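*Asks:* These protein sequences, in sequence, are chains R and L.
Quick note on numbering: the first sequence equals residues 165 to 485, 494 to 695, 702 to 862 in UniProt numbering.
Quick note on numbering: the second sequence equals residues 53 to 292, 300 to 379, 385 to 749 in UniProt numbering.
Using N, Cα and C, we set each Cβ at its ideal position, and we do this for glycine too.
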Amino acid sequence: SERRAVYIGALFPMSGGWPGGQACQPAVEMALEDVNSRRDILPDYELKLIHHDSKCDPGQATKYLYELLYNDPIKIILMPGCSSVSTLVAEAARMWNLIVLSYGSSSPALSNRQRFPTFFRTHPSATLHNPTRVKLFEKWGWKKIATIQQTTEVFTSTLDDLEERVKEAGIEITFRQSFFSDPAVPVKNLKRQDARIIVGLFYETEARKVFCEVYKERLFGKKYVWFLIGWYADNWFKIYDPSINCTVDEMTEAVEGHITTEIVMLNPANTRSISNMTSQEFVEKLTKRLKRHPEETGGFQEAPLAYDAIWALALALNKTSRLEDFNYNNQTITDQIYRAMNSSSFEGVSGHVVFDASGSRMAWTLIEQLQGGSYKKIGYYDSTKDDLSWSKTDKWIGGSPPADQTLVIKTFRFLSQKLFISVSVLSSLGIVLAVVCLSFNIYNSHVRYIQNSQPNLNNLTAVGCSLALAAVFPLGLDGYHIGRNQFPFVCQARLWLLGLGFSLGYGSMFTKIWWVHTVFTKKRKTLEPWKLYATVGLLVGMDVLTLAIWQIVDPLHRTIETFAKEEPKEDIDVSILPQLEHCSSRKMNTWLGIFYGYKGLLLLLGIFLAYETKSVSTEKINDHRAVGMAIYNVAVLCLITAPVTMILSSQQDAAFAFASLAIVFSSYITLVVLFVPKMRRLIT
Amino acid sequence: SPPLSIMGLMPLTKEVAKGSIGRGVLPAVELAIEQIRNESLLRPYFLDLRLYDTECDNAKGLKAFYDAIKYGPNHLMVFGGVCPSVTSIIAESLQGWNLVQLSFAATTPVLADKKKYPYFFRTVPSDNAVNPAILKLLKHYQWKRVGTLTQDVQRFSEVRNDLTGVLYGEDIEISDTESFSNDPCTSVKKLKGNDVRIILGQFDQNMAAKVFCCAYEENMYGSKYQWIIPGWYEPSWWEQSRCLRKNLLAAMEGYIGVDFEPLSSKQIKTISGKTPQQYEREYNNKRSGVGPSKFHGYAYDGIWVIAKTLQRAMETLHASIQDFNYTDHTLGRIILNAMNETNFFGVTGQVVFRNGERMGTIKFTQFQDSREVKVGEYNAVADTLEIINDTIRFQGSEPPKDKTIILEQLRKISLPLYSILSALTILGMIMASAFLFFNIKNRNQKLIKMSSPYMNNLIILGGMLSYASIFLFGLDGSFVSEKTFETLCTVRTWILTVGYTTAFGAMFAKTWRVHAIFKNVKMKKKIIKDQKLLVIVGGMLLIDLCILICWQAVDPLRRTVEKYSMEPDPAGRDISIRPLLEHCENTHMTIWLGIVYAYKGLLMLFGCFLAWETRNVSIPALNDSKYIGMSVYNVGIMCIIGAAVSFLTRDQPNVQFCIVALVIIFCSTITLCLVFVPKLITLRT
Ligand SMILES: *[C@@H]1O[C@H](CO[C@@H]2O[C@@H](C)[C@@H](O)[C@@H](O)[C@@H]2O)[C@@H](O[C@@H]2O[C@H](CO)[C@@H](O)[C@H](O)[C@H]2NC(C)=O)[C@H](O)[C@H]1NC(C)=O
Ligand SMILES: *[C@@H]1O[C@H](CO)[C@@H](O[C@@H]2O[C@H](CO)[C@@H](O)[C@H](O)[C@H]2NC(C)=O)[C@H](O)[C@H]1NC(C)=O
Ligand SMILES: *[C@@H]1O[C@H](CO)[C@@H](O[C@@H]2O[C@H](CO)[C@@H](O)[C@H](O)[C@H]2NC(C)=O)[C@H](O)[C@H]1NC(C)=O
Ligand SMILES: *[C@@H]1O[C@H](CO)[C@@H](O[C@@H]2O[C@H](CO)[C@@H](O)[C@H](O)[C@H]2NC(C)=O)[C@H](O)[C@H]1NC(C)=O
Ligand SMILES: *[C@@H]1O[C@H](CO)[C@@H](O)[C@H](O)[C@H]1NC(C)=O
Ligand SMILES: *[C@@H]1O[C@H](CO)[C@@H](O)[C@H](O)[C@H]1NC(C)=O
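(1) So is the beta-carbon of R/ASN353 under 7 Å away from any non-hydrogen atom of ligand 2?
(2) Please compile the residues from chain R whose C-beta is within a distance smaller than 9 Å of the C-beta of L/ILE141.
(3) Quick check on L/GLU631 - is its C-beta less than 8 Å from some C-beta in chain R?
(4) Rank L/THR200, L/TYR357 and L/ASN344 by C-alpha distance to the C-alpha of L/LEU219 and give the top, closest one.
(5) Taking buried to mean at least 16 other C-beta atoms within 10 Å of its own C-beta, is L/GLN254 buried or exposed?
(6) Identify, in the order they occur along the chain, each residue of the same chain with its Cβ nearer than 8 Å to the Cβ of R/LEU354, setting aside the five sequence neighbours on each side.
(7) So L/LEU114 contacts chain R; which residues on that side make the cut at Cβ distance below 7 Å?
(8) Taking beta-carbon pairs under 7 Å, can you tell me which members of the stretch 707-722 of chain L lie near chain R?
(9) Starting from L/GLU341, trace the beta strand (DSSP E) both ways and give me its first and last residue.
(10) Using beta carbons (cut-off 8 Å, strictly below), is R/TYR510 in contact with chain L?
(11) Restricting to Cα atoms, I'd like to know which of R/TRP769, R/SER546 and R/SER762 is closest to R/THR724.
(12) Is the stretch 109-124 of chain L in contact with the stretch 244-258 of chain R, if contact means three or more CB pairs nearer than 8 Å?
(13) Name the chain L residues that come within less than 8 Å of R/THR693, Cβ to Cβ?
(14) Within the structure, which residues are defined as neighbours of ligand 6 by a Cβ-heavy atom distance below 6 Å, reported in chain order?
(15) DSSP three-state call for L/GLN206: helix, strand or coil?
(16) Assign L/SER145 to buried or exposed, taking buried as 16 or more other Cβ atoms, counted over all protein chains shown, within 10 Å of its Cβ.
(17) Within a Cβ cutoff of 6 Å, which residues of the same chain sit near R/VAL419, ignoring the five residues on either side of it in sequence?
(18) With respect to the alpha helix (DSSP H) encompassing R/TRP687, which residues constitute its N-terminal and C-terminal limits?
(19) On the criterion of 16 or more Cβ atoms from any shown chain inside 10 Å, does R/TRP708 qualify as buried, or is it exposed?
(20) Assign R/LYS856 to one of two classes, buried (16 or more other C-beta atoms within 10 Å of its C-beta) or exposed (fewer than that).
(21) With hydrogens ignored, establish whether the beta-carbon of R/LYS483 is closer than 7 Å to any heavy atom of ligand 2.
(22) With the cut-off set at 8 Å, would you say R/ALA195 and R/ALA470 are in Cβ contact?
(23) Would R/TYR810 pass as an interface residue toward chain A - the criterion being a Cβ-Cβ separation below 8 Å?
(24) Closer than 5 Å from C-beta to any heavy atom of ligand 4: which residues, in chain order?
(25) Spell out whether any CB of chain L is found under 8 Å from the CB atom of R/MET259.
(26) Do the CB positions of L/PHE428 and L/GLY440 come within less than 8 Å of each other?
(27) What are the boundary residues of the beta strand (DSSP E) that includes R/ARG168?
(28) Is it the case that the Cβ atoms of R/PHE586 and R/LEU649 are separated by a distance below 8 Å?
(29) Using only Cβ atoms and a threshold of 7 Å, which residues come within that distance of a heavy atom of ligand 7? Order them by chain position.
(30) Does any CB atom of chain R fall closer than 8 Å to the CB of L/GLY148?
(31) For chain L, is any of its Cβ atoms less than 8 Å away from the one on R/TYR234?
(32) Going straight from the alpha carbon of L/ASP204 to that of L/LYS122, what length do you get?
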């Protein structure tokens with residue numbers, strides 16, 4: 165014989181909140197008969213099982229724990245079924261120096277080694293849905309992920325680990341909400357926070373309610389990816405529930421296209437383990453021994469974990485191979509069994525069975541997707557090797573994975589084209605005509621029709637209007653010439669040049685009619707030849723002090739206006755924000771209003787004096803009618819075009835068009851009227 | 053005598069701090085057991101107690117529990133347990149052997165369920181026994197809105213969850229439900245942003261000094277807020300950082316601590332026959348070597364509780385110790401029946417049992433700048449909240465209770481300033497209607513030394529209409545005895561504009577005709593041309609009448625109110641003040657008032673420029689216009705300075721009104737004064 169009966173305590177919840185004991189008990193009976201049937205596993209000993217029901221109730225469980233612990237004989241390894249009973253026995257196992265092995269405890273708090281140093285579990289915990297989730301996020305580079313959970317310990321203990329795991333991947337979790345049984349307000353908050361990818365952690369009976377609510381708010385569709393758990397039945401969105409008013413195919417349309425992360429329960433291949441069996445003979449033996457139906461019993465999916473749960477400890481005790497005399501006081505046998513169980517690594521019915529440093533066993537997660545009314549596999553994963561296998565059956569909205577919301581900045585285009593070029597060629601014709609007429613006037617300065625006294629102020633007006641026709645062009649467009657992004661430099665240069673040019677030209681224009689009104693109301703001095711011209715030139719040069727004061731305290735700014743609404747585009751989810759630019763300052767509006775008022779003051783003074791001295795005669799007699807008509811044109815032009823360039827910003831056919839038409843029509847028409855009677859009657 | 057065995061599960065060591073609790077509660081229970089040995093109380097048994105050290109580690113406690121079960125005699129009940137986990141697991145497991153657990157330090161509300169724990173009882177008041185107390189305290193001084201502040205631990209969040217369940221049904225508001233973990237400073241930020249009157253704190257001891265230290269920085273204290281804090285900390289708790304007692308001490312007044320009371324409040328005879336004072340003297344002289352715990356009252360009480368329970372079960376035993389293993393449950397059911405209806409008076413008061421709990425005495429207290437003095441009690445058995453008046457204090461006179469209560473009023477003007485201007489109202493008007501009679505004296509005694517017969521009459525008409533408008537300007541604004549007079553703002557602004565254009569038209573058309581006869585070359589002396597000048601003034605008059613109906617059409621210009629909000633307090637009361645100013649405009653008539661002021665400026669600067677010209681034109685055909693330019697300059701500067709100061713004001717509605725009255729009584733009589741002050745002086749030589 166020599167059959168030393170080594171006894172091992174166990175526990176199987178036959179009913180209650182987790183009826184796993186209906187399925188695990190024939191499984192552990194098969195596994196104990198299998199290790200009995202091999203002498204390689206049993207050199208000298210023989211494993212025996214003593215067990216009691218607990219219904220996942222700690223009150224009965226503590227009583228049964230005492231009943232097995234303080235009776236005879238001495239047990240070594242314990243086996244708790246449910247989760248809370250496993251926590252209770254692993255908390256208190258340290259005072260007897262025992263090692264405990266669970267097979268269903270998905271408690272993520274059971275990974276602690278301080279409170280639980282001597283505990284392992286073949287069933288993986290719930291935190292191994294998170295590395296596959298973060299790898300599925302790393303495949304597509306999504307950065308704004310929102311989470312919603314039922315207010316439960318088994319989900320709040322998962323999502324914080326998901327946070328402190330995803331923070332190393334550089335993906336932020338923005339909206340982290342929670343509810344208990346009211347699904348309306350959290351999906352209201354999610355619609356108001358309009359997130360893209362949504363992760364959920366909840367059971368089936370509230371899953372139906374939250375999917376009725378998300379059908380009602382219309383938050384499914386194109387840019388929405390739903391991550392859920394996968395241990396629901398394949399029919400779960402089909403059983404009639406009167407708790408929600410949503411219809412069945414309206415629910416089916418709502419649940420369409422979401423990714424599920426299950427976990428494996430058996431060998432995906434058809435190989436043979438050290439147990440020398442496959443999946444099919446195992447399922448046949450379970451249907452033989454189980455008097456119930458596998459479709460109606462509980463714990464049938466976790467039932468293959470019991471087989472290698474027995475087999476791992478059996479191989480560990482065979483590796484220890494001074495064993496039949498264990499007592500709870502000593503520690504060396506316990507440390508030897510713990511060291512043998514630490515290095516457990518082989519191939520069993522659930523695939524490769526390796527424990528981590530904490531005590532959990534890693535496994536594979538069959539990542540799937542609901543694709544049109546039925547579940548279908550996407551692929552597999554293993555955490556220890558990053559071998560993200562694939563099968564390419566994931567349908568999408570158009571084939572591509574929809575991602576987080578982005579934005580395109582579109583710069584508001586000008587019309588630097590032939591419309592700009594007609595303006596530029598009219599400016600060039602004005603420039604050539606003005607400088608040619610000014611050179612012709614300077615090269616007539618011996619003796620002429622109008623004598624040498626008067627039109628040197630007219631020459632200075634020609635210089636000023638030439639500077640206006642030289643400052644009309646560099647107001648720019650939406651970045652069109654060699655070298656850009658110096659827009660404050662070119663705007664301040666153009667503005668300073670146009671200010672000095674218009675100031676010079678209009679001052680030397682207006683001073684002649686001021687002095688002919690002065691000589692009309694003097695009842702012929704011209705006291706010094708540059709007296710009147712120099713004092714009106716200093717009146718002009720007062721304005722460059724205003725320009726310098728504008729340059730000292732707030733010279734320049736390149737602002738950005740965002741006048742239009744984002745996303746007017748029709749098919750792509752990239753929001754188009756049209757932004758424009760006009761060169762500005764810190765507070766320029768009241769400043770430009772004050773400057774317009776000052777120039778309007780001088781211009782209305784000129785337009786009143788022009789009606790004043792409309793009929794006179796002096797030494798410079800052949801100038802006043804044409805000078806007055808030019809004043810009458812330039813005043814109404816500048817006053818009719820100051821507000822439409824002050825208050826406008828749409829430069830396409832209105833702002834720059836009206837401003838350029840004003841300035842070039844002003845200089846063009848005033849010169850082509852002011853030089854008709856001179857050169858035509860000089861050689862007429 | 054045959055013993056009745058009982059088991060105590062107490063920390064007896066010197067390592068764990070709960071060993072101090074066990075060493076403090078052992079003298080009271082040995083005093084109770086020796087008094088029970090003195091009296092008969094039994095027939096003819098005697099009680100025995102076996103102590104078992106736990107240290108309230110779960111594994112060690114369950115191992116000692118198993119050792120006591122396996123090795124001790126046939127126990128009947130089980131007693132003790134202080135740490136909540138090692139009480140909770142045994143109270144869950146209790147239904148196996150069908151025993152009863154009596155605790156005196158289980159202070160967790162998770163033991164409230166009887167579906168979880170049907171065989172468990174405790175005499176210590178739980179943390180849920182402060183929530184009706186705080187309800188009665190809030191209803192004693194009529195509070196509605198309160199703000200909570202809970203540390204994110206399971207016990208504090210559980211009492212926060214039951215806070216809503218106890219306040220469901222009454223006039224209570226919960227605004228700021230902030231629940232921080234380790235940053236209380238943003239919680240004080242959010243609470244001051246929601247400016248809630250009452251703080252309902254829920255945290256441990258070490259967080260409290262940090263809470264007060266970074267609540268001093270926001271100054272969330274004073275005679276405006278109260279602080280309801282669980283005050284079961286150690287005495288002189290504030291000694292445990301980087302802050303200072305100056306920024307700690309000035310926020311701990313109005314600080315209300317809600318604890319459970321150790322003893323009774325009387326010198327009354329208990330079930331022992333003695334008084335609480337004599338019991339307390341015997342307790343503190345029983346051992347004289349231990350710092351006294353705050354649980355020995357309930358420890359002394361529970362012995363009499365279980366003794367009365369077994370005394371109430373002995374007659375049902377006689378209806379049958386000698387017939388009870390750990391397996392029987394019917395005897396334990398009779399034990400539950402005799403235990404549940406326990407009702408007598410002990411050291412803590414009249415003990416009851418409403419589903420495993422007795423209504424205790426809640427001791428309110430206040431830190432009165434040196435210590436937390438006891439201020440009030442409450443018994444949930446009778447639901448009456450006693451208070452000790454003439455002992456509580458407040459930094460304010462009245463106990464603050466200060467919701468943010470607001471008040472508003474109109475902006476008033478200074479009446480000794482307004483009254484002298486109302487006295488200057490009449491003189492310009494009477495001088496106007498008298499100088500009009502001097503002009504009719506020129507009509508009645510004909511010698512036409514001036515212009516057209518209607519011109520100075522138009523000047524006097526403009527002056528009278530301006531002096532009526534500036535009088536009825538602020539009498540309708542500030543003095544609100546005529547309330548619907550901001551509608552009459554539109555009924556007086558047309559009067560003011562007509563007076564302005566009449567006066568400046570009589571200033572302007574005359575000077576324009578002087579310009580039109582100065583720039584001629586041959587001759588100009590016509591009376592029909594002066595008729596043309598008067599109808600030319602009438603043309604811009606009817607143009608301004610069209611502008612008047614355009615002002616009626618562009619906006620109603622109804623009564624609007626600017627609500628200027630700064631909220632100070634002049635005498636310490638929390639009823640804040642925010643003033644409001646009447647505004648006649650409709651805030652989109654800026655284009656309208658801009659074009660009206662531009663109309664007036666373009667019509668006004670004509671004469672201001674022309675005064676530079678006609679300063680030497682001494683035309684005797686009109687016999688005037690030598691000082692009229694000196695008038696028009698000295699009114700053209702003042703009208704624009706009045707408009708400039710008017711638009712640069714209404715920040716204070718007093719200075720703007722007195723300065724526009726000052727410039728109006730400047731201009732509207734300085735025109736008449738500088739048009740007549742050499743006139744009658746030379747006509748009365
Ligand atoms: C593991 O069990 C198999 C069971 O194989 C089945 O039963 C056998 C009787 C045979 O008919 C197989 O074809 C069946 O599939 C054992 O299988 C065979 O054993 C023989 C022994 O001589 C060997 O020659 C075959 O190659 C085996 N075939 C296979 C597929 O394994 C096998 O021996 C068992 N292994 C151990 C280590 O026990
Ligand atoms: C179970 O334990 C026994 C020893 O108690 C192992 O038996 C020996 O294992 C070594 C391993 O290197 C082999 O080389 C020997 O041939 C084995 N001898 C015998 C008599 O079996 C046995 O391998 C263990 N079983 C396992 C690991 O499955
Ligand atoms: C197995 O037991 C060892 C006990 O030593 C655990 O600790 C490791 O010990 C080795 C040396 O013995 C060190 O090199 C490692 O660095 C230790 N691990 C860590 C995480 O520091 C070990 O974790 C246990 N588990 C496994 C899977 O080896
Ligand atoms: C168990 O406790 C409850 C709660 O006190 C008891 O109910 C009270 O019973 C008394 C009579 O014994 C009545 O006067 C009270 O009105 C009851 N309370 C209420 C709220 O109605 C109950 O009787 C106890 N049961 C036993 C067997 O003692
Ligand atoms: C939604 O469903 C509820 C039952 O859960 C039902 O009472 C209610 O009338 C439904 N709402 C409708 C039909 O608008
Ligand atoms: C204080 O309260 C007691 C309670 O009865 C009352 O008798 C007493 O008059 C009160 N004293 C004052 C000053 O309010």
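*Replies:* Answer, in terms of the structure:
(1) It does not: the Cβ of R/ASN353 is nowhere closer than 7 Å to a heavy atom of ligand 2.
(2) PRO222, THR226, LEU252, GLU255 and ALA256
(3) Residue-level contact by beta carbon fails for L/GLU631 and chain R, as no gap is shorter than 8 Å.
(4) L/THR200
(5) buried
(6) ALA310, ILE312, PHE339, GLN341, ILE362 and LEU383
(7) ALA256
(8) none
(9) Per DSSP, L/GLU341 belongs to no beta strand (DSSP E); it is in the alpha helix (DSSP H), 335-345.
(10) no
(11) R/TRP769
(12) Verdict: yes, contact present.
(13) The contacting residues are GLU677.
(14) L/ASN453 and L/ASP454
(15) helix
(16) buried
(17) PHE375 and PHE401
(18) 659-692
(19) exposed
(20) buried
(21) yes
(22) yes
(23) Included in the structure are the protein chains R and L, with no chain A among them.
(24) Here the list is L/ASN401, L/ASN404 and L/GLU405.
(25) yes
(26) yes
(27) 168-175
(28) yes
(29) Absence of ligand 7 is noted for the structure shown, with ligand 1, ligand 2, ligand 3, ligand 4, ligand 5 and ligand 6 being the only ligands found.
(30) yes
(31) yes
(32) 41 Å
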